[PDB]
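Okay, so here's the structure we're looking at.
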Amino acid sequence: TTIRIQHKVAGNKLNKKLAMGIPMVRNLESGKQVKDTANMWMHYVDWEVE
Amino acid sequence: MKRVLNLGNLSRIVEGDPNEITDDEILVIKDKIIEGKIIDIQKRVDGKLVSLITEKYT
Amino acid sequence: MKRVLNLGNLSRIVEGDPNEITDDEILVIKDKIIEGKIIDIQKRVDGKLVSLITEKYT
Amino acid sequence: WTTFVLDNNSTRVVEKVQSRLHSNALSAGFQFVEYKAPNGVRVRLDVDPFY
Amino acid sequence: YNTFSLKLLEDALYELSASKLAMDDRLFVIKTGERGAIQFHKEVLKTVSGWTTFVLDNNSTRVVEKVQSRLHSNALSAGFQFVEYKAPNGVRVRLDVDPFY
Amino acid sequence: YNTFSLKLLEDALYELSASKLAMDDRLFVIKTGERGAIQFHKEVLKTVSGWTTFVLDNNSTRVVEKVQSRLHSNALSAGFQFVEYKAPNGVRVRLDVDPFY
Amino acid sequence: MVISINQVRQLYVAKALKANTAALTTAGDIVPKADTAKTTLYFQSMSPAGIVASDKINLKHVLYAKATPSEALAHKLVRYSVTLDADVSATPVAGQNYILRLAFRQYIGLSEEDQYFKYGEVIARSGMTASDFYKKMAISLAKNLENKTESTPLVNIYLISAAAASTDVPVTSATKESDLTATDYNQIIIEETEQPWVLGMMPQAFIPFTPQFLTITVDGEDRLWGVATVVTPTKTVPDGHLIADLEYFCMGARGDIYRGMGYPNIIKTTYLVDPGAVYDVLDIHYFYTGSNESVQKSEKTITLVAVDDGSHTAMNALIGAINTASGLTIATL
Amino acid sequence: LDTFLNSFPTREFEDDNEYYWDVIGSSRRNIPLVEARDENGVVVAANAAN
């Protein structure tokens, strides 16, 4: 069997810093959102792609 | 030949008032005019106290 | 609202052969037509089986 | 209390007594002298002859 | 509720537990008055009443007990209370009566 | 199955164990859900209910247990669960509940 | 409300259709402008701060242009008809507790692992009928669901009488049996509810449920006392709240994204839709392909949301205008 | 009531100004279906063939 995935992304996300107006959060395998202190949004696409 | 019900369900075969017979217990109405005979076996179903003996005619 | 009889005499309420029940046992007969009724209750009087329930007439 | 089964091993409504007439001779009798209702309510009994 | 039951309560507690609680953390302590504690006793009793398969023995339950009196040699003491339930799959139901209620 | 029965199960597991397993090898662990464990308990209960030639006393099973409290001195707790069965000739179906189900 | 985009989306409100670029006086007014050669299309909309022109649509790079009514966006509220299964008994059992369990998913949290159960109990008596049972069930359900202390409007309970099977009568925590006089009640309907909405903060969401019944002992056997049959929905949730969250989002592409981030030092956008109106939509999907090496398609879409008046006027005219201007053949609503 | 309120602890604040906290939630989702349509775009009724 075989599988494939992808994710498109603009380039201005290169070093995009997030203004933590509401807590930014990570989904988890369990099914729970955990809040993270990171300000760079590609830290948050790496997690979701994996 | 074997026992008809577990003794738990037979310990709840009682002799009393039809108005105090809930479920999880069967009622026996002893006969007065006759000493050993019985009148009816009763079991409540939906608030009503119905008989388990089928009516028999001529 | 006491039990109609003690358990040593209720324990001997059984289901099966009319020929194999002693004088110490009460015989039940589950009605075959209806699914939850009784057709007769019997115990040996003088070697013969007789109904405990009083016979009804009109 | 058809929910329960009152057994002689605990109640001893029929005790065993020494006798001359048999090897297993029995003594029968009992009395309720007390009640234990819910939430601490206990009912004892102190018979007085003046009554 | 207009009518209290152990079915009502044990379903609520279990549905909530299967959803939110691990099997080892389903001990639910309940606060209420002593009129509710009696109502818990009455409901736990009828449920156990329908437990026709088992014969409940005064030896293990000690519902009726022997006390020392002078009116008789075998004097008896009757009385019990149901103060706890134990539903399937790890659910324990205990009571903590406060007078505030 | 529309209606789960332990009769059908004990037949199948025994027949299988006979033709394929030694008497010392007929242990069957079942992986299921909490609701299945309850279905299993319900059926094992309906089953022993048919063991009329036996009498299940709470002294040995402890279905009703004595717990200490402050509302009373004869205070009780109630509850049991069937988890196992044992058909003839080495068959002993045991249970295992998984959260993945 | 955050949504998915095909690299961009735009929205323009057609509050009035004009015929020239000289008649764009009031805000919301709009006209479709296209060459007579019919090579490009664009819209001149009157903004509150003046006038604008949408991006230009090359009519030979048009993927799909479809008009959507409002009935197709009004969420249809799930109903559950509830009754007594005549198999166990067509009437209540005079000593059994008839408990009902409404299991809820997507309660406060986002997931299905966010479960939530509300109940309704009725211990039945001897002379009880089905009508009386349904009545008391509805009261028990309302006192737990249609109350004034629950943070959320979970469901809407109703009652139907066989005399008028079309008329449903509500039941709230305040309703009392004296207000329910009919002796012919045959079912209990249980709808969803429009949840609270907040422009740009709280999107239009719902909380679905399944009425799961509990067992009763009818003849010494555990049997369910009822059945939960789904029926044709009757009530709807209009799209005004959806279009306003779409505008709130689509006016952050051609405008300010710091909608309120830093409160005194903001740019206040003036949104043009009324969340209390029903709009009918038109979405044109198209792309931009460049020259020799730049063949990749930059796909785009723009939405036009006009108002509805039962009939789909205000879009059939808009459609006719775009059709005569660009030659496109768009279907009317 | 006094013992009841003493069952709980206290948290010292520094103002009488409203305070707000972040509420984390859950992630795993199922998406509800709105409608189904035939190959011809016709709607799928419930009393309909496969």
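Results, tabulated for the structure shown:
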item: Sum of side-chain charges, G:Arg254 neighbourhood, beta-carbon under 13 Å (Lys, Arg +1; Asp, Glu -1); result: -1
item: Residue-count net charge about F:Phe54 - beta-carbon cut-off 13 Å; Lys, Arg +1, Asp, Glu -1; result: +1
item: Exposed-site-free run, longest, chain G (rule: trypsin sites (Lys or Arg not before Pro); DSSP loop; at most 11 other C-beta within 10 Å); result: G:177-267
item: For C:6-17, mean number of other protein chain Cβ atoms within 10 Å; result: 4
item: Helix-derived mean residue ellipticity, 222 nm - over chain A, DSSP H n ≥ 4, -39500 (n - 2.57), to 500; result: -3500 deg cm²/dmol
item: Rounded to 10°, Cα long-axis angle of helix G:316-326 versus longest principal axis of chain G; result: 30
item: Helix axis angle, G:240-250 relative to chain G longest principal axis, alpha carbon, degrees; result: 40
item: Selected from G:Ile188, G:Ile216, G:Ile267 as most flexible by GNM, with chain G as the system and alpha-carbon contacts under 10 Å; result: G:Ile267
item: Label-reachable residues, the stretch H:11-49, where backbone N falls under 17 Å from a point 7 Å from A:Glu48's Cα toward its Cβ; result: H:25-31
item: Using alpha-carbon coordinates, inclination of helix F:6-20 to the longest axis of chain F, degrees; result: 40
item: Chain H: trypsin sites (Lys or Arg not before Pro) in DSSP coil with no more than 14 other Cβ atoms inside 10 Å; result: H:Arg11, H:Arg29
item: Radius 11 Å from Cβ of D:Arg42, net charge of other residues (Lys, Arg +1; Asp, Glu -1); result: +1
item: Exposed GluC sites (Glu not before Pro) absent: longest stretch of chain G, with sites in DSSP loops and at most 13 other Cβ within 10 Å deemed exposed; result: G:1-149
item: Residue with peak Gaussian network fluctuation, chain G [Cα springs, cutoff 10 Å], from G:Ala228, G:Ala162, G:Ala142; result: G:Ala162
item: Rg(Cα) / (2.2 N^0.38 Å) computed for chain D, rounded to two decimals; result: 1.67
item: G:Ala331/F:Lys42 FRET efficiency (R0 60 Å; Cβ-Cβ; nearest 0.05); result: 0.55
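FYI, it's all coordinate maths here, none of it is from the lab. Neighbour counts are summed over all protein chains in view; Cβ atoms, including those assigned to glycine, are modelled from backbone coordinates with ideal geometry.
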